[PDB]
Amino acid sequence: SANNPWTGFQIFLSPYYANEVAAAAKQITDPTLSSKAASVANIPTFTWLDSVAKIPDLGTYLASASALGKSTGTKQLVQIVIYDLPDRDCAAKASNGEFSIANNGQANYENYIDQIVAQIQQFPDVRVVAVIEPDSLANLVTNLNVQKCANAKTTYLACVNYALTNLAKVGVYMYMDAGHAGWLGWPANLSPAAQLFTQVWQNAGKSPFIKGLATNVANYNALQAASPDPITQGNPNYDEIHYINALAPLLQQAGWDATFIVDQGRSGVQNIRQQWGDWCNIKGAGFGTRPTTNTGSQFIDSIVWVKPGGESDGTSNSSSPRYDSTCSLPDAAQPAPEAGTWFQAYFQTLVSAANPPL
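Residues numbered from 1 in each chain as written, not as in the entry; some residues may be left out. Heavy atoms only, no water.

## A few points about the UniProt feature "active site" (unreviewed entry) in the protein
So, step 1. The feature "active site" (unreviewed entry), as annotated in UniProt, sits at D89, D135 and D313 in this numbering. In summary, the annotated positions, though distributed over 225 residues, converge in three dimensions, the widest C-alpha pair being only 12.8 Å.
So, step 2. Mapped onto the secondary structure, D135 falls in the loop between β4 (126-132) and α5 (139-142).
So, step 3. In this structure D135 comes out as partly exposed when scored by relative accessible area, which is 23%.
So, step 4. For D135, the residues in contact, after removing those within four places along its chain, are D89, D177 and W183.
So, step 5. Inspection of the secondary structure assignment puts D313 in the loop between β8 (300-304) and α9 (344-352).
So, step 6. Within the structure, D313 has its side chain in polar contact with the backbone nitrogen of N281 (distance 2.8 Å). (UniProt positions renumbered as here; feature names shortened; annotations may be inferred. Helix = DSSP H or I, 4+ residues; strand = E, 2+ residues; numbered from the N terminus. Buried < 20%, exposed > 50% of the residue type's maximum accessible area, 1.4 Å probe, protein only. Contact = heavy atoms within 4.5 Å. Polar contact = N/O pair within 3.5 Å; in protein donor to acceptor, adjacent residues only side chain to side chain.)

Have a look at this one:
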């Protein structure tokens, strides 16, 4: 579209990932690989606001970005993920996240949004791009048979609506999570998905700040694959470009000329999964195409790195209360530490297998 949120802005680089990366690179013994690993701290990633405890980090990043822009003659852009729904990840094995529907979850979530808005309101010279709630609305397309998802449906919709409505008031550019080609890109899921996303967009007032959708977040699909990965058999939309090319016109017809961002942070290596739904710490993943607005598609504003490669997707320890058996599958790297915590061996392979090379 005319207004690509990234054009003319410098992306604030996460100091946490830079340090996570910095601490990781000092442990890599081969000096050539260690220096490549260190350079990952210069690659922009999204900051996950996965709990209220992360909100003060958001405030510091906004203030730091504001000062850095003045120091360098640039306009700065901070990239965040809104990821704290009550009864989060309703179709996953085991619960996670600080809020529950049964304990004031929606109200607690709206206070979480209010705290985020109150930070963003203080720093109007910094642009913010937010991915809205990975692993949420897509469950309301295909997983309404999962009782936790059926019981969460009204809460997910109300909470996402509150986030969109209130972040728009402070000018945040938003992309709702929309799964990936192997989730919502199946031709038969496209229209139900479009109908859901359009209803959500309508309920939040069709704000121009609701730019569109984010795909492949925390996943591994190609943006454009020369040959279909065998996991995709049966789905003509075998990569993210096919999915997006199919979904976008349905949104346009509703009056929403939606644009997209696509995670490629762990997409450098294709054909590494037994089944398409295997999502946890997939072994042999490599860093993929670096973030860029040179996307090759009318519909795609940016290739992005949303999930920060090197942070675990979940523990492989079946004794943890947070254990999801997906993280013990044959194509999952093991042993793996708790979600969001650093998985050093996985990071080193992401570096070694990066494609394009680092």
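The structure having been displayed, the exposition proceeds.
## Topic: the packing of aromatic side chains
One pair of aromatic rings is described through two measures. These are the centre distance and the angle between the planes.
So, step 1. Inspection of the entire model under this criterion finds twelve aromatic pairs.
So, step 2. Pairing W48 with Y83 gives two aromatic rings, centres 5.1 Å apart and planes at 85°, and the pair type is edge-to-face. Here the residue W48 occupies a position in strand β2 (residues 47-49), and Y83 occupies one in the loop between β3 (76-82) and α4 (105-120), the gap between them amounting to 35 residues.
So, step 3. Through pairs of rings, three or more aromatic residues link up here, namely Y17, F287, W305, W342 and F347.
So, step 4. The side chain of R88 reaches across the aromatic face of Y83, ending 4.4 Å from its centre. (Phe/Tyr/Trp six-rings, centres within 6.5 Å; stacked < 30°, edge-to-face > 60°. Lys NZ or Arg CZ within 6 Å of the ring centre and 35° of its normal.)

## What to know about the pattern of salt bridges
Pairing between side chains of opposite charge can happen when the charged atoms of each approach one another.
So, step 1. Inspection of the entire model under this criterion finds six salt bridges.
So, step 2. The salt bridge partner of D313 is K307, with a shortest N-O separation of 3.1 Å.
So, step 3. In this structure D313 comes out as buried when scored by relative accessible area, which is 13%.
So, step 4. In the salt-bridge network here, residues are joined through shared partners; they are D84, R88 and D89. (Salt bridge = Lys/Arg side-chain N within 4 Å of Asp/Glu carboxyl O.)

## Let's talk about the state of the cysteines
So, step 1. Going through the model one piece at a time under the given rule, you end up with two disulfides.
So, step 2. Sulfur-sulfur distance for the disulfide between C90 and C149 comes to 2.1 Å. Given an S-S torsion of about 95°, the disulfide between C90 and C149 has right-handed geometry. Of the two residues, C90 is situated in the loop between β3 and α4 and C149 in helix α6 (residues 147-168); the sequence distance between them amounts to 59 residues. Accessibility assignment for this pair places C90 and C149 in one class, buried. (Disulfide = S-S within 2.5 Å.)

## Points about the UniProt feature "binding site: substrate" (unreviewed entry) in the protein
So, step 1. With numbering matched to this structure, UniProt assigns "binding site: substrate" (unreviewed entry) to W48, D50, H180, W183, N219, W279, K307 and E311. In sequence the annotated residues extend across 264 residues, and in space they extend as well, their farthest C-alpha pair lying 22.7 Å apart.
So, step 2. Residue placement: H180 occurs in the loop between β5 (173-177) and α7 (187-203).
So, step 3. Position of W279 among the secondary structure elements: in the loop between β7 (259-263) and β8.
So, step 4. Setting aside chain neighbours within four positions, we find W279 in contact with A218, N219, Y220, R266, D313, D324, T326 and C327.

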